[PDB]
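Analysis of the macromolecular model
Here is how the chains run, residue by residue.
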Amino acid sequence: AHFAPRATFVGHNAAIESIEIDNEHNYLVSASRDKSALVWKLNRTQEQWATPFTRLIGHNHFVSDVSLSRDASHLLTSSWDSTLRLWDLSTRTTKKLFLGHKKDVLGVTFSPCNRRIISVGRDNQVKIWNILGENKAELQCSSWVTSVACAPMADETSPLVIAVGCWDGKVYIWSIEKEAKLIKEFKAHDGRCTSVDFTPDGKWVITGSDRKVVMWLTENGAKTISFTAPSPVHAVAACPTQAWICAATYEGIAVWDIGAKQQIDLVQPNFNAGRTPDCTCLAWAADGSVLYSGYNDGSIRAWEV
Amino acid sequence: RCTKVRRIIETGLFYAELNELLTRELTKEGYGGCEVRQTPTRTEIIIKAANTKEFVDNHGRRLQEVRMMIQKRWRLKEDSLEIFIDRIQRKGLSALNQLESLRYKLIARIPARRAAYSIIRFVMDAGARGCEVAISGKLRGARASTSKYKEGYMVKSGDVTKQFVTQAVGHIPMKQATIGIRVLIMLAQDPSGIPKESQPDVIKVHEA
Amino acid sequence: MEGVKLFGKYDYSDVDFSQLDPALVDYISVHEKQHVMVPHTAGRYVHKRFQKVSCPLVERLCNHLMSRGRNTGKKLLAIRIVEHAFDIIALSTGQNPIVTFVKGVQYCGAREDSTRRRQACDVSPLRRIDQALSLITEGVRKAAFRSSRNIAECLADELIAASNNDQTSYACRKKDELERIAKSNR
Amino acid sequence: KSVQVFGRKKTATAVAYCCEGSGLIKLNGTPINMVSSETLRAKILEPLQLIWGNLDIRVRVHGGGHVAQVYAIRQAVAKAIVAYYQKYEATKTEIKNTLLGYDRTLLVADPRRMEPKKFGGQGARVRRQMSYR
Amino acid sequence: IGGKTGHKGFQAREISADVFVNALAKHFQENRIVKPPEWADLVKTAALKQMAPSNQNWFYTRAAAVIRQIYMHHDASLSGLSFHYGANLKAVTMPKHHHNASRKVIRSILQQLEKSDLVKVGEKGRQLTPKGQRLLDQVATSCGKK
Amino acid sequence: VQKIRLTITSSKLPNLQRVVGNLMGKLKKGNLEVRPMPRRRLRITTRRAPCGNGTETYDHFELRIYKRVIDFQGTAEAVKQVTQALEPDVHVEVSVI
RNA sequence: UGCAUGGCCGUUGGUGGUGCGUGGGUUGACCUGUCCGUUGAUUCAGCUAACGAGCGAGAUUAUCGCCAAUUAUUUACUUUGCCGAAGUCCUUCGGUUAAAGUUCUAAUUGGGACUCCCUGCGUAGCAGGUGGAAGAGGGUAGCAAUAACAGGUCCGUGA
């Protein structure tokens with residue numbers, strides 16, 4: 001069902017590229033184009049939802065992507081600067097930078113179990129670092145790489161699956177174990193492949209330039225279903241708990257119910273010859289309570305079902 | 001035992017005297033500049049010219065007239081001086097060389113049209129983007145009057161003049177009056193040849 | 001930001017701008033942002049036209065009183081003189097200086113002037129309070145030159161009579177010539 | 001806990017240095033009462049009047065003349081207070097707002113520097129004086 | 001607000017420079033430290049200066065100032081002090097230049113101070129001795145109480 | 001062993017940056033441990049017209065002096081090999097301390 | 001002898017200008033190309049017997065301003081620790097191949113600003129505003145077309 005405006009809150013002057021939330025609740029971090037990445041903390045008390053907790057001043061360009069420990073201690077973040085930065089959560093202060101990656105770095109994730117840092121950008125390689133900070137594996141691809149995501153859980157032994165979405169069109173999926181052998185490679189999108197996320201269970205995967213959100217299979221490949229968005233969508237992210245999938249267009253956020261197989265809702269809040277704000281990222285909380293979305297003027301808006 | 005300033009300036013002042021010297025000796029051999037390598041005890045110099053055979057004739061006597069003239073001037077020790085020669089590939093595009101060809105003609109009473117369009121054709125066919133030739137002074141009349149002969153295209157402004165445009169000024173004394181010769185020659189950039197980078201005017205878009 | 005007072009003495013709580021009159025007050029520049037502990041500042045006020053409004057008004061006087069050719073620069077001199085006016089103003093009358101100051105800035109600058117026959121144009125409020133501060137400070141140095149008397153006093157003599165609308169003042173005499181010339185030419 | 005940041009007008013450069021302490025602010029080797037002016041006393045304290053009883057600041061300077069050396073210190077005090085609250089965020093953004101409400105020079109500084117001298121004239125833009133006839 | 005120190009009592013750095021230097025001038029006239037020279041008394045402080053000093057006890061207020069300025073720069077030379085106490089040259093039709101002070105007046109003091117042991121000579125300029133910088137923090141607590 | 005300084009000087013920066021690369025490169029091979037000085041603008045400001053005619057116009061001729069200092073501990077055997085770049089308008093003073 | 005000349009420089013004018021290939025117009029000098037808004041600008045936009053290549057403008061070079069990587073304990077400093085002198089319970093000085101560095105200092109490689117963003121006005125662009133170290137060529141210089149002046153210099157020259 002549809003959901004009302006809970007709270008806008010702002011502390012961030014340029015746009016927001018990405019956004020992520022630490023485990024359970026409290027503490028979300030909005031990576032910002034300003035080159036400064038905040039962390040908040042959530043009161044959820046009437047008028048103010050959150051207030052800002054730290055600022056991470058260190059990079060010399062926009063901060064692309066931001067990724068978090070299971071503890072919510074030792075978060076990592078990357079920029080076009082061509083480096084990454086581990087930042088102690090409590091005292092800020094960079095712990096160690098990363099050096100090796102040539103061009104602007106667009107995508108970061110951890111594993112589930114704090115094992116392998118997965119940086120990626122426009123040198124056409126997914127680097128796999130150690131948590132120590134030294135380069136283990138150097139996987140390869142045709143074009144630039146916008147986005148990555150990691151399969152949940154796996155209990156250590158299971159291969160930890162890495163979906164990737166490219167600038168040319170293609171969508172790579174990889175195993176790890178040790179050597180990292182790609183399960184499948186496919187021409188997932190017609191032109192540009194913007195953003196990639198997993199289904200929580202991880203049978204399926206999500207990618208989608210040509211106004212088409214397409215789910216695919218984790219093993220081996222080929223499509224389950226193809227939807228059609230109204231106008232071209234920048235970020236995609238499935239709900240944790242319930243069977244939803246959601247997609248940040250210009251016109252709103254297109255809320256597919258996956259079984260019923262249709263857009264139930266489209267939520268933009270109200271505000272000649274101007275663009276007016278796009279939404280460039282989504283973030284479901286870990287409970288599936290609340291939906292945060294980061295915006296192009298420099299704001300974040302919360303909605304709760 | 002010098003300052004850090006003076007070792008630069010002495011070496012500069014060495015080079016400019018050396019280069020004005022080898023205008024006046026190597027007019028016949030066809031001079032095209034030089035490079036000087038300076039060491040506290042060893043000096044190595046590359047002379048560059050067209051007629052490399054004209055040195056080596058008479059079992060290399062012509063170079064040993066020059067080498068003593070350098071040695072006695074600055075009072076350097078032999079063994080510690082080490083001259084070579086290295087040949088000019090493409091004499092067409094070096095400016096000091098092609099100046100001398102236009103100097104060679106106008107002494108021997110060729111018309112100035114024919115003298116320019118000798119060398120201006122020879123420059124362009126050899127491999128260059130443009131060239132200009134000026135012959136300033138007194139032919140025919142009592143007043144002096146300027147010829148300018150140009151082809152191709154010839155960039156006159158900015159930084160990009162200094163990188164691309166070779167040029168060379170001179171003069172011919174005569175029975176009647178003092179003419180001035182002047183030859184500007186623009187180059188094409190090579191891919192890492194012997195300039196590297198293209199002009200800041202041009203850009204190139206890739207094919208899809 | 002609770003006291004907030006000039007030279008560490010006077011306060012801006014007073015000065016009743018609404019009370020002073022209608023119009024004129026706006027280009028006055030005594031509205032909160034303008035208040036500062038010391039009138040000295042790193043000015044960036046000559047960049048784009050109307051930015052002179054957003055600076056403090058007491059500073060704008062201290063700049064006018066910077067002439068001629070020997071006193072150029074040396075602002076740090078001028079803000080002593082305007083201090084030692086604002087002692088003489090306050091401790092003689094018992095009004096505080098800033099109230100009786102801004103009344104002087106009202107009534108000096110003439111409405112109208114001969115635009116080069118000659119025709120009598122009206123004025124902007126910006127050009128009034130400009131030609132307030134000139135015709136005060138012009139009179140001060142013209143008086144103080146050769147006069148065996150300190151210019152802090154000769155400012156304070158000019159500045160009191162500007163408020164009370166007397167023809168003692170070099171300001172308020174010189175407007176009634178300039179305003180009558182506009183009335184004559186017309 | 002300690003933070004080390006600079007101010008800068010014209011060609012002054014004043015570094016300041018926060019610690020934990022007991023409300024001591026010290027220029028060169030001495031309290032910032034002692035600048036001997038009565039204008040420029042009140043100019044350095046504009047940062048502090050708006051807003052440090054935890055903090056202990058220790059300021060050293062070079063460059064500039066008498067005025068611009070003060071305007072570096074107003075930057076170095078105010079920035080070092082703001083840089084302390086940033087490291088050691090809610091309250092930093094609102095106390096920083098009180099300065100930027102007052103005046104922009106306490107954090108930002110100004111990039112203007114003197115124009116080089118040009119030939120044919122005694123300074124930059126002035127030129128000597130013509131004759132004619 | 002005002003600058004606040006630790007350390008309870010007062011030191012030579014703390015109290016103000018116009019005040020301190022004159023209290024240290026008085027502290028020689030009572031004690032018979034320094035003395036006046038007897039040859040001098042009519043001499044210009046510097047050749048550039050247009051007249052003798054006004055004060056007649058001027059010798060001591062200079063001799064206080066040099067000990068104050070040995071304190072604040074640790075070392076103090078003669079030629080360094082001579083350059084300091086000079087000024088611009090005022091009279092002539094040309095533009096004005098920095099000329100130096102007299103040496104002899106300043107030398108006379110820095111020998112007279114080394115009689116009562118208030119300044120040793122060392123490497124680089126002269127630097128004040130354990131006896132010396134004690135005498136300043138006598139006068140700092142004299143004028144700190146005041 | 002007599003910890004030795006190089007001191008590398010040049011007119012032109014591209015010609016310098018070859019020699020710094022080589023003399024840093026060779027301390028990789030020999031394995032000797034390896035430890036920018038401020039550049040001078042020699043401004044000479046001649047009046048550009050020959051005669052006294054015309055408006056007084058002045059060309060400014062900056063010669064530039066880029067200056068770098070590598071230094072390292074090295075045993076006289078190893079240092080003879082490293083010293084021997086040979087570039088146009090570059091100098092290298094060796095200095096024992 | 002600069003009114004016999006070379007080079008170099010000032011100036012007309014550092015303004016926005018200059019003129020080729022093929023085509024067309026004219027008996028011809030010659031014209032067209034090189035013409036209702038915009039820009040510092042023959043700058044772009046679009047008209048259109050012209051279409052297409054130039055040169056100058058722009059780009060580029062140099063520096064000033066803001067960034068953080070890369071180095072520096074005998075050529076810059078800072079912090080902490082030691083040993084001094086005073087204070088005399090913790091404050092300030094001076095020294096130190098002694099441990100960690102880089103905010104000041106020094107200088108190389110890159111990042112950064114584009115009318116991108118919003119609102120008015122009229123596609124080219126313009127005015128204001130937010131943010132920003134910096135906003136409208138970011139500031140200041142350097143370089144600077146063709147065509148000439150009987151302007152200057154035979155007292156700069158082994159012109």
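Within every chain, residues carry numbers counted from 1 in written sequence order, not necessarily those of the entry, while residues missing coordinates are excluded from display. The order in which chains are written sets their letters, starting at A; the order in which ligands are written sets their numbers, starting at 1. Each value listed describes the chains present in this view, a part of a larger assembly. Excluded from the side-chain calculation are hydrogens and water; included are all heavy atoms of the structure.

Structure determination for this entry is recorded as cryo-EM, at 3.35 Å resolution.

Things to note about the environment of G121 of chain D
Looking at where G121 of chain D falls in the secondary structure, it is placed in the segment after α4 (90-102). Here, two residues are considered to be in contact whenever any of their heavy atoms come within 4.5 Å of each other. The residues touching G121 of chain D, leaving out its near neighbours within four places in the chain, are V126 and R127 of chain D. Under the scheme used here, helices are H or I runs from DSSP no shorter than 4 residues and strands are E runs no shorter than 2 residues, and both carry numbers assigned from the N terminus.

As for the interface of chain F and chain B
With 16 residues of chain F in contact, the opposing surface of chain B contributes 13 residues. By convention, the term buried area covers the 1.4 Å-probe accessible surface removed from two parts as they join, with the contributions of both added. Between chain F and chain B, roughly 1100 Å² of surface is buried when both sides are summed, and carbon and sulfur atoms account for 62% of that area. It is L86, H91 and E93 of chain F that lose the most area in chain F upon contact with chain B, and together they represent 46% of the buried surface on that side. Across the pair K4 of chain B and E93 of chain F runs a salt bridge, and its minimum N-O distance is 3.1 Å. Looking at the side of chain F that touches chain B residue by residue, the class counts come to 6 nonpolar, 5 polar and 5 charged. Between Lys or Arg on one side and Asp or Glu on the other, a salt bridge is scored when a side-chain nitrogen of the former is within 4 Å of a carboxyl oxygen of the latter. Each residue is assigned to one class: nonpolar for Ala, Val, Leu, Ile, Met, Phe, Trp, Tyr, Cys and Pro, charged for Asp, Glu, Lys and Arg, and polar for all the others, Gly among them.

Some words on the protein's contact with RNA strand G
Distances are taken per atom, and a residue is near a molecule or strand as soon as one of its heavy atoms is within 4 Å of it. Lining the immediate environment of RNA strand G, one finds 84 residues, of which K138 and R182 of chain B, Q11 of chain E together with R35 and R39 of chain F sit closest. Within the contact set of RNA strand G, a phosphate oxygen lies 3.3 Å away from a side-chain nitrogen or oxygen of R85 of chain A. As used in this structure description, the phrase polar contact means that two N or O atoms lie within 3.5 Å; if the pair is within protein, one of them must be able to donate a hydrogen and the other to accept it, and residues adjacent in sequence are counted only when both atoms belong to side chains. Contact distances for RNA strand G include 3.1 Å between a base oxygen and a backbone N or O atom of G158 of chain B. Across the surface near RNA strand G, the residue classes tally to 25 nonpolar, 26 polar and 33 charged.

Overview of the sheet that holds strand β27 (residues 290-295) of chain A
Residues and elements named next belong to chain A. Being paired, for any two strands, means DSSP has found at least two bridges between them. Taking strand neighbours across the sheet as the criterion, the 4 strands line up as β1-β28-β27-β26 in an open arrangement whose pairing is antiparallel. Each edge of the sheet is formed by a strand with only one pairing partner; in this case those strands are β1 (4-9) and β26 (279-284). Strand after strand, the sheet turns through a mean of 25° between neighbouring axes, direction not considered. Looking at chain direction, β26 and β27 are connected through 5 bridges and run antiparallel. The partner of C279 across the bridge, within β27, is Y295. Axes here refer to lines fitted to C-alpha atoms; in helices the fit is confined to the stretch in contact. Angles between the N-to-C directions go from 0 to 180 degrees.

Quick word on unusual backbone geometry
Residues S67 of chain C and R68 of chain C are joined by a peptide bond in cis, for which omega reads 0°. Positionally, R68 of chain C belongs in the loop between α2 (57-64) and α3 (75-93). Of note in this structure, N28 of chain D is not a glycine but carries a positive phi near 65°. When you line up the elements, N28 of chain D lands in the loop between β3 (24-27) and β4 (30-31). Positive phi is not limited to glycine here, since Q56 of chain E has a value of about 75°. With respect to the helices, strands and loops of the structure, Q56 of chain E is situated in the loop between α1 (17-29) and α2 (58-72).

So, the side chain of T207 of chain A
Residue and element names in this part refer to chain A. Tracing the sequence through the fold places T207 in strand β19 (residues 204-207). Buried residues are those whose accessible area, probed at 1.4 Å on protein chains only, stays under 20% of the maximum for their type, while exposed residues exceed 50% and partly exposed ones sit between those limits. Among the residues examined, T207 registers a relative accessible area of 0% and is labelled buried. Residues contacting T207, with those up to four places away along its chain left out, are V171, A188, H189, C193, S195, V196, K212, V213, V214 and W216.

Brief notes about the state of the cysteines
Residues and elements named next belong to chain C. Any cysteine sulfur atom paired with another within 2.5 Å is treated as part of a disulfide. Counting across every chain of the model gives 0 disulfides over all chains. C62 supplies the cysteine sulfur nearest to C55, a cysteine that is in no disulfide, at a spacing of 10 Å. On the basis of relative accessible area, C55 is assigned to the buried category, the value being 5%.

A few points about the packing of helix α1 (residues 6-24) of chain B against helix α2 (residues 53-74) of chain B
All names here are of chain B. Relative orientation of the contacting elements α1 and α2 amounts to 145°, with a least axis distance of 12 Å. In the packing of α1 onto α2, the handedness of the crossing is right-handed. On the side of α1, the interface is formed by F14, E17, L18, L21 and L22, while α2 contributes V66, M69, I70, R73 and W74. When the residues that make up the contact of α1 with α2 are grouped by side-chain class, the tally is 8 nonpolar, no polar and 2 charged. A crossing counts as left-handed when the near helix is turned anticlockwise from the far one by less than a right angle, and as right-handed when that turn is clockwise.

Focus: helix α5 (residues 130-145) of chain E
Residue and element names in this part refer to chain E. Taking 1.5 Å per residue as the helical rise, α5 with its 16 residues ought to reach 22 Å, and the 23 Å between its terminal C-alpha atoms agrees with that figure. Restricting attention to buried positions, one finds in α5 the residues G132, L135, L136, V139, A140 and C143. In a view along the axis of α5, the buried residues occupy a sector of 145°, so they form one face of it. Facing away from the buried side of α5, by more than 90 degrees, are the exposed residues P130, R134 and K145. Next to the buried residues of α5 lie α1, α2 and β5 (126-128). What a helix is expected to span follows from its residue count: subtract one and scale by 1.5 Å. The arc in question is the one spanned by the directions pointing from the helix axis to the C-beta atoms.

A look at the nonpolar core
Residue and element names in this part refer to chain C. Here the nonpolar core consists of buried residues drawn from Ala, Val, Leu, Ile, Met, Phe, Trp, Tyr and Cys, with membership extended through side-chain atoms lying within 4.5 Å. Of all hydrophobic cores here, the largest spans 44 residues; its most connected members are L6, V82, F86, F101, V102 and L155. Of all the elements in the fold, those that place two or more residues in this core are α2, α3, α4 (97-107), α5 (125-144), α6 (151-164) and α7 (170-185). With 8 residues, α3 is the single largest residue contributor to this core. Once residues within four sequence positions are removed from consideration, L155 is found in contact with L65, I81, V82, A85, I136 and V140.

So, helix α1 (residues 13-29) of chain F
Residue and element names in this part refer to chain F. The end-to-end C-alpha distance of α1 is 25 Å, a good match for the 24 Å that 17 residues give at a rise of 1.5 Å each. Contacts from the buried residues of α1 go to β1 (4-10), β3 (61-68), β4 (71-72), α2 (77-83) and β5 (90-96). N31 sits one or two positions beyond α1 and adopts a positive phi of about 75°.

Notes on the packing of α4 of chain C against α5 of chain C
Residues and elements named next belong to chain C. Between α4 and α5, the shortest axis-to-axis distance is 7 Å and the interhelical angle comes to 105°. Overall, the two elements α4 and α5 adopt an arrangement that is roughly perpendicular. Of the residues in α5, those touching α4 at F101, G104, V105 and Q106 are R128, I129, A132, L133 and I136. Tallied by class, the residues present in the contact of α4 with α5 amount to 6 nonpolar, 2 polar and 1 charged. Oblique is the label for any angle not under 35 degrees, not over 145, and not in the 65 to 115 range, which are roughly parallel, roughly antiparallel and roughly perpendicular in turn.

What to know about empty space enclosed by the protein
All names here are of chain C. Detection works on a 1 Å grid of protein atoms alone, calling trapped sets that fit a 1.4 Å probe cavities and calling open sets with protein on both sides within 12 Å along at least five of seven lines pockets, with lining residues defined by an atom within 4 Å of a point. Grid points are joined across faces, edges and corners, and a volume is the space filled by probe spheres set on the points. Approximately 90 Å³ is the volume found for the largest cavity. In this structure, the largest cavity is lined by 13 residues; those nearest its centre are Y12, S29, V30, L57 and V58. Elements with a minimum of two residues in the lining of the largest cavity: α2 and α4. It is α4 that contributes the most residues to the lining of the largest cavity, 3 residues altogether.

Brief notes about the pattern of salt bridges
Residue and element names in this part refer to chain D. Applying the stated criterion to the full structure yields 31 salt bridges over all chains. In this structure, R112 and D110 form a salt bridge, with 3.1 Å as the shortest nitrogen-oxygen distance. Given a relative accessible area of 43%, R112 falls into the partly exposed group. We classify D110 as buried; its relative accessible area is 10%.

Here's the deal with the sheet that holds strand β23 (residues 244-247) of chain A
Residue and element names in this part refer to chain A. Taking strand neighbours across the sheet as the criterion, the 4 strands line up as β22-β23-β24-β25 in an open arrangement whose pairing is antiparallel. Either end of the sheet is taken by a strand with one partner, and the two such strands are β22 (236-238) and β25 (262-266). The average angle at which neighbouring strand axes cross in this sheet is 25°, direction not considered. The sheet contact formed by β22 and β23 spans 3 bridges and is antiparallel. Among the inter-strand pairings, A237 is bridged to a residue of β23, identified as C246.

What about the arrangement of the chains?
One thing to see here is that chain A and chain B don't touch, and their nearest C-alpha atoms sit 12 Å from each other. The closest approach of any C-alpha atom in chain B to one in chain D is 21 Å; the two make no contact.

Quick notes on the packing of aromatic side chains
Between rings of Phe, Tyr and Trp, where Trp is taken as its six-membered ring, a pair exists when centres lie within 6.5 Å; planes separated by under 30 degrees are stacked, by over 60 edge-to-face, and by other angles tilted. A complete count under the given rule lists 20 aromatic pairs over all chains for this structure. Between the aromatic rings of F9 of chain A and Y292 of chain A, the centroid separation amounts to 6.5 Å while the plane-to-plane angle is 75°, which identifies the pairing as edge-to-face. Just as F9 of chain A is buried, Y292 of chain A falls in that class too. Geometrically, the ring pair formed by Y84 of chain D and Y88 of chain D is tilted, given 5.5 Å between the ring centres and 55° between the ring planes. Classification of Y84 of chain D as buried rests on a relative accessible area of 7%. Residue classification places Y88 of chain D among the partly exposed residues on the basis of a relative accessible area of 44%.

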